[PDB]
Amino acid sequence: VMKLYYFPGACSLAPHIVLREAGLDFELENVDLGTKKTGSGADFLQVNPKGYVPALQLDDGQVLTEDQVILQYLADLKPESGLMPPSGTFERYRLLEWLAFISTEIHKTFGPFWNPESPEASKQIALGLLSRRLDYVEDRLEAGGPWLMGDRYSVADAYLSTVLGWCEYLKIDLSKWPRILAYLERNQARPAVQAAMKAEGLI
């Protein structure tokens, strides 16, 4: 079966949710981000050279990295589950556009806050940017169906919601964006999200 290397609460949570949403078979392997050792004592940089999670280990033994590609790859194992617009459609690009946007624009923006050694002028700017980005999302949400894609819940929602999960912890105020707060609660109420969050110990 497939093996998912994760850190509780980390972006690895997104694909973790998706494996559950698509009802795929997998095992979680916990990784220590500090010492790059896996829970079983293995050397995680043997798994993922770039040395971050999530990393997805397939049956044929290969490893996939990069949150947004892992999600795609997962969704395509079960096209019948519609976690993603079908190949060939233009809507499909709209989803990819979201995954890219979430990856560079939002996921990255939390760079500073996760760095022990970051100026404060940077975290200031991070929030600065991060805020301008959330304005756009609240826009789309105001214009759009319940999920990023409208009525279809997709992999983009597992990614976005997972990343915004961090704010409470970093103690960042989302109040300014009620729809986004609504969206977050919407995501977390989903049984597969529940089950993963419980599984990862987040509850």
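Residues carry their position along the shown sequence, with the first being 1.
- Set 118-126 against 79-87 and average the Cα temperature factors; 118-126 ends up higher.
- With 39-47 and 155-163 compared on mean CA B-factor from the PDB entry, the stretch scoring higher is 39-47.
- Reading the B-factor column for the CA atoms of 56, 174, 148, 69 in the entry, the top value corresponds to 174.
- In the deposited entry, the Cα temperature factor of residue 184 sits in the middle third of values across the chain's modelled residues.
- In this PDB entry, residue 195 carries a Cα temperature factor that places it within the middle third of its chain's modelled residues.
- In the deposited entry, the Cα temperature factor of residue 1 sits in the middle third of values across the chain's modelled residues.
- Placement of the Cα temperature factor of residue 13 within the chain: middle third of the modelled residues, per the deposited record.
- In this PDB entry, residue 31 carries a Cα temperature factor that places it within the highest third of its chain's modelled residues.
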